[PDB]
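Novice: Questions regarding the structure given below will be posed in turn.
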RNA sequence: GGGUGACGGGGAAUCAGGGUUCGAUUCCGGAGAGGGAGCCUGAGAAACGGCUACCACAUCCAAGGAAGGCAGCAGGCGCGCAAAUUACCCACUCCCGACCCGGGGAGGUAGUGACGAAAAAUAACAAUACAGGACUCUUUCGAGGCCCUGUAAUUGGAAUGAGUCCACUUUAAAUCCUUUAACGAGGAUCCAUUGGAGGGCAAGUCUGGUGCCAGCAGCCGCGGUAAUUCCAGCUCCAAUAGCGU
Ligand SMILES: [Mg+2]
Ligand SMILES: [Mg+2]
Ligand SMILES: [Mg+2]
Ligand SMILES: [Mg+2]
Ligand SMILES: [Mg+2]
Ligand SMILES: [Mg+2]
Ligand SMILES: [Mg+2]
Ligand SMILES: [Mg+2]
Ligand SMILES: [Mg+2]
Ligand SMILES: [Mg+2]
């Protein structure tokens with residue numbers, strides 16, 4: 001006996017036919033569009049998506065008016081609206097299965113840091129997020145993947161203690177000012 | 001035809017239970033024999049001792065010699081002709097030297113040009129051949 | 001000056017003889033303000049000295065402009081050395097502990113199993 | 001029959017060479033960027049009977 | 001009756017639907033404490049960190065005698081393909097006691113830890129030289145630049161953690177994270193691997209050596225003096241803090 005959870009899963013699935021080629025093309029195109037790091041990052045989304053698509057299938061096999069579908073479905077949609085993937089009005093379950101990877105990348109932090117000016121190219125965006133430069137709401141988000149709720153989006157910007165967003169300038173500029181003061185001047 | 005009826009389960013089940021023992025693989029798992037017959041007593045690898053270096057003449061169309069090692073295992077005390085992979089690698093191995101040996105991709109079946117060689121050598125004196133062949137590590141002395 | 005300390009989930013424990021609450025320390029630009037400094041703030045807030053105040057468990061957030069931790073403020077030192085953990089008194093050393101260091105005790109007690117009655121030798125032992 | 005002699009015959013006598021000094025290759029994401037760029041955005045030319053990424057006449 | 005590489009179950013891995021396989025292992029039940037037997041105590045034991053026997057192993061003996069049980073935690077030998085520290089503490093969870101107070105290798109805490117799982121760096125931006133193409137202009141050549149992509153010069157400073165490290169916080173006491181001062185990047189650097197590049201199967205009919213040898217190759221095959229298959233160099237491809245077997 002101990003404490004200790006052990007509860008943990010993977011986040012993705014690796015594709016069976018492992019050099020489909022067309023698959024590779026589309027997957028890299030995705031890595032290019034949304035500045036992803038790796039083949040996994042696409043795959044882990046592709047695994048989230050599926051799960052949603054599975055559930056939505058399972059709910060459609062049930063009868064309508066049956067409390068299970070009405071309840072879950074609503075929630076599952078309310079969840080998907082909150083992340084800014086599915087649209088209010090488009091909330092009615094069958095419309096989920098018609099959905100894709102691209103939409104679930106669109107509401108990354110990095111993608112919304114690039115989109116919401118701030119950055120200057122999707123790569124730049126991704127670096128900043130990591131470097132402890134941007135904050136959502138109030139916390140400094142460090143993690144590119146941070147899926148940003150539709151609620152949250154308008155509150156994304158730089159951190160209050162970090163060069164770009166009005167802060168003490170970083171150690172590189174700080175050194176060169178010391179060089180100009182003592183060395184040159 | 002099939003038995004098909006409703007209260008057949010048993011007849012159906014027992015029939016398939018029987019017919020599983022005409023499936024070559026199933027039989028391998030569920031008769032003893034195979035487990036008994038391997039020198040690696042159902043183990044992925046086994047250590048052994050190289051009791052001579054042995055010239056294995058390759059299977060017809062691909063004419064060559066293969067360079068193998070007559071191992072004798074620790075666990076069983078059975079013997080083997082383990083293949084030594086890669087070029088010039090045989091020379092790393094010396095007589096009476098502690099090889100870890102593995103299977104050869106084929107789970108009992110022999111492989112490629114070698115005839116009747118189930119096993120390849122992996123490590124010599126706790127070093128690993130790949131390492132020696134690369135030149136990362138050196139043979140201890 | 002620039003620290004700030006807010007409170008939360010505050011309880012008046014008549015029966016543990018203590019005011020106990022969550023402290024939530026906004027403190028941007030500095031380095032998790034020390035526990036001494038928290039207790040002197042709490043005193044001015046609660047008008048009730050530092051000696052009866054015991055503070056612990058401060059965790060600082062990612063990013064860094066907030067810490068969070070439990071504290072309580074006893075009704076008196078009479079009480080604060082009664083319904084209070086010993087280690088936490090020893091944090092501001094008023095109820096320190098002995099330095100026998102376990103193992104030495106266990107090996108003494110494992111002897112004396114050997115001997116019967118000898119009050120002086122049983123006292124001796126090691 | 002047949003000797004265990006020649007063994008490392010070839011590997012031995014081959015003409016050994018150094019492995020040059022080029023560059024630190026970009027890694028992780030940046031590598032992936034660069035890869036993406038050279039399939040899709042840089043070239044995208046007028047076709048001339050299929051392609052080759054390591055081809056050399 | 002025999003076998004079981006059989007402790008049972010909750011469950012686990014796979015999966016369209018059906019299945020297949022696994023479940024010594026953190027909860028529940030059971031069993032056993034080197035093996036077999038007997039029993040005292042006690043509400044509860046046929047207890048083994050209780051006895052009494054035999055057997056098996058072992059230890060001192062002044063040779064008459066006497067003592068033993070890690071399938072507790074550490075640790076060792078041995079066995080192997082195969083597995084962590086003779087660490088700290090009762091602070092948490094709980095338990096036992098006559099007990100608010102003592103005790104607990106149960107239990108926690110570190111240490112070891114590429115079993116596995118989650119996040120996630122290894123660069124980002126600029127104007128240059130240029131190299132290209134939707135637009136505008138031009139018969140073509142050339143040009144105006146909202147648009148942009150590659151290679152360079154590191155040209156340019158900006159940003160940063162890895163790291164070093166005062167101080168808090170943490171905590172039983174610590175460590176770790178976390179917060180945080182101060183130092184802390186021109187890639188000669190703070191250097192990303194592992195596998196492959198004839199087909200299946202992404203990717204060289206390139207360049208050297210070998211000459212059915214050495215060797216590769218899961219399979220089909222390659223190798224007998226122009227080897228896309230070997231050994232090397234160059235490039236390329238896949239996955240990437242991972243990848244082979
Ligand atoms: Mg058995
Ligand atoms: Mg028992
Ligand atoms: Mg034993
Ligand atoms: Mg007994
Ligand atoms: Mg015991
Ligand atoms: Mg191991
Ligand atoms: Mg324990
Ligand atoms: Mg991991
Ligand atoms: Mg590196
Ligand atoms: Mg292939």
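Taken together, the values in this text are just the output of simple stated rules run on the coordinates, not laboratory data. As a convention, Cβ positions derive from the backbone with ideal geometry for all residues, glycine included, and neighbour counts pool all protein chains shown.
Novice: Quick one: in region B:127-136, of everything that is surrounded by 14 or more Cβ atoms within 10 Å (Cβ to Cβ) and in a loop (DSSP other than H, G, I, E, B), which residue is nearest to the chain's Cα centre (by Cα)?
Specialist: The extreme case among them is B:128.
Novice: Now a separate question. Which one of these is part of a helix (DSSP H, G or I) and in contact with a helix residue (DSSP H, G or I) (Cβ under 6 Å, 6 or more places away or on another chain): A:149, A:126, A:130? Lay out the reasoning, then the answer.
Specialist: Working: A:149 fails: part of a helix (DSSP H, G or I); A:130 fails: in contact with a helix residue (DSSP H, G or I) (Cβ under 6 Å, 6 or more places away or on another chain).
Criteria check complete, one pass: A:126.
Novice: Further question on the same structure: Among the residues of region B:99-110, which ones are more than 8 Å from RNA strand E (Cβ to nearest atom) and either within 14 Å of chain D (Cβ to nearest Cβ) or within 16 Å of residue B:67 (Cβ to Cβ) (or both)?
Specialist: B:99, B:101
Novice: What are the residue pairs meeting all of these: first residue in region C:93-109, first residue in contact (Cβ under 8 Å) with a residue 60 or more places away in the chain, second residue assigned to a loop (DSSP other than H, G, I, E, B) and surrounded by 10 or more Cβ atoms within 10 Å (Cβ to Cβ), Cβ atoms under 9 Å, and 6 or more apart or on different chains?
Specialist: none
Novice: I've got another one for you. So which residues in region A:136-146 are touching a helix residue (DSSP H, G or I) at 6+ places or on another chain (Cβ under 8 Å) and within 12 Å of RNA strand E (Cβ to nearest atom), if there are any at all?
Specialist: If the condition is that a residue be touching a helix residue (DSSP H, G or I) at 6+ places or on another chain (Cβ under 8 Å) and within 12 Å of RNA strand E (Cβ to nearest atom), then A:141, A:142, A:143, A:144, A:145, A:146 are the ones that fit.
Novice: Can you name the residue in region B:79-92 that is in a loop (DSSP other than H, G, I, E, B) and touching a strand residue (DSSP E or B) at 6+ places or on another chain (Cβ under 7 Å) and is also farthest from RNA strand E (Cβ to nearest atom) among such residues?
Specialist: For region B:79-92, the residue satisfying everything is B:84.
Novice: State the number of residues belonging to region A:153-185 that are more than 9 Å from RNA strand E (Cβ to nearest atom), closer than 20 Å to residue C:64 by Cβ and either more than 11 Å from every other protein chain (Cβ to nearest Cβ) or in a helix (DSSP H, G or I) (or both).
Specialist: Number satisfying all stated conditions: 6.
Novice: Just one of (1) under 16 Å from residue B:49 (Cβ atoms); (2) surrounded by 12 or more Cβ atoms within 10 Å (Cβ to Cβ); (3) more than 8 Å from RNA strand E (Cβ to nearest atom) trips up residue B:96, so point out which.
Specialist: Failed condition: (2).
Novice: If residue C:49 passes every condition in (1) part of a strand (DSSP E or B); (2) more than 12 Å from RNA strand E (Cβ to nearest atom); (3) within 19 Å of the chain's Cα centre (by Cα) but one, which one does it miss?
Specialist: For residue C:49, the failing item is (1).
Novice: Being more than 6 Å from RNA strand E (Cβ to nearest atom) and in a strand (DSSP E or B) is the filter here; which residues of region B:45-56 pass it?
Specialist: Listed by number, the residues that qualify are B:48, B:49, B:50, B:51, B:52, B:53, B:54.
Novice: Between C:3, C:22, which is under 26 Å from residue A:139 (Cα atoms), away from every other protein chain (no Cβ under 14 Å), within 14 Å of RNA strand E (Cβ to nearest atom) and part of a loop (DSSP other than H, G, I, E, B)?
Specialist: Exactly one of C:3, C:22 is under 26 Å from residue A:139 (Cα atoms), away from every other protein chain (no Cβ under 14 Å), within 14 Å of RNA strand E (Cβ to nearest atom) and part of a loop (DSSP other than H, G, I, E, B), namely C:3.
Novice: Moving to a separate point now. Has region B:18-36 got at least one residue that is surrounded by 12 or more Cβ atoms within 10 Å (Cβ to Cβ), in a strand (DSSP E or B) and either under 21 Å from the mean Cα position of the chain (by Cα) or on the phi > 0 side of the Ramachandran plot (or both)?
Specialist: no
Novice: Additional query: Does region A:20-28 contain any residue that is in a loop (DSSP other than H, G, I, E, B), more than 6 Å from RNA strand E (Cβ to nearest atom) and more than 17 Å from the chain's Cα centre (by Cα)?
Specialist: yes
Novice: Taking into account only those residues within region D:1-30 that are within 30 Å of residue A:36 (Cβ to Cβ) and surrounded by fewer than 13 Cβ atoms within 10 Å (Cβ to Cβ), which is nearest to the other protein chains (Cβ to nearest Cβ)?
Specialist: The residue in question is D:28.
Novice: Here's something else I'd like to know. Would you mind telling me which numbered condition in (1) within 14 Å of RNA strand E (Cβ to nearest atom); (2) closer than 30 Å to residue D:36 by Cβ; (3) more than 14 Å from every other protein chain (Cβ to nearest Cβ) residue A:150 fails?
Specialist: (1)
Novice: Another question about this same structure. Would you point out which residue out of C:69, C:57 is within 9 Å of RNA strand E (Cβ to nearest atom), assigned to a strand (DSSP E or B) and more than 14 Å from chain A (Cβ to nearest Cβ)?
Specialist: Checking each option against the conditions leaves just C:69.
Novice: A further question on this structure: Please state which one of A:7, A:13 is out of contact with any helix residue (DSSP H, G or I) (no Cβ under 6 Å at 6 or more places or on another chain), away from chain D (no Cβ under 14 Å) and assigned to a loop (DSSP other than H, G, I, E, B).
Specialist: On the way: A:13 fails: out of contact with any helix residue (DSSP H, G or I) (no Cβ under 6 Å at 6 or more places or on another chain).
It is A:7.
Novice: Could you check residue A:85 against (1) closer than 25 Å to residue A:57 by Cα; (2) assigned to a loop (DSSP other than H, G, I, E, B); (3) touching a residue at least 40 places away in the same chain (Cβ under 8 Å) and say which number it fails?
Specialist: Evaluating residue A:85 over (1) closer than 25 Å to residue A:57 by Cα; (2) assigned to a loop (DSSP other than H, G, I, E, B); (3) touching a residue at least 40 places away in the same chain (Cβ under 8 Å) leaves (3) as the failure.
Novice: Restricting attention to region B:29-44, and to residues there that are farther than 22 Å from residue B:115 by Cβ and in contact (Cβ under 8 Å) with a residue 12 or more places away in the chain, which single residue is farthest from RNA strand E (Cβ to nearest atom)?
Specialist: So the residue we want is B:41.
Novice: Looking only at region B:57-75, decide whether some residue is more than 7 Å from RNA strand E (Cβ to nearest atom), in a loop (DSSP other than H, G, I, E, B), within 27 Å of residue B:138 (Cβ to Cβ) and within 14 Å of the chain's Cα centre (by Cα).
Specialist: The answer is no; no qualifying residue exists.
Novice: Run residue D:32 past the list (1) in a loop (DSSP other than H, G, I, E, B); (2) over 30 Å from residue B:54 (Cβ atoms) and report the number of the one that doesn't hold.
Specialist: Going through (1) in a loop (DSSP other than H, G, I, E, B); (2) over 30 Å from residue B:54 (Cβ atoms) one by one, residue D:32 breaks only (1).
Novice: A further question follows. Where residues in region B:111-126 are in a loop (DSSP other than H, G, I, E, B) and under 8 Å from the mean Cα position of the chain (by Cα), which of them is nearest to RNA strand E (Cβ to nearest atom)?
Specialist: Filtering first and then ranking leaves B:117.
Novice: Follow-up. Which of the residues belonging to region D:35-57 are near RNA strand E (Cβ under 6 Å from one of its atoms) and assigned to a loop (DSSP other than H, G, I, E, B)?
Specialist: Within region D:35-57, D:41, D:42, D:52, D:53, D:54, D:55, D:56 meet the criteria.
Novice: Next question. With the structure loaded, tell me whether residue D:15 is without any contact (Cβ under 8 Å) to a residue 24 or more places away in the chain and near RNA strand E (Cβ under 7 Å from one of its atoms) or whether it fails that test.
Specialist: Yes, satisfied.
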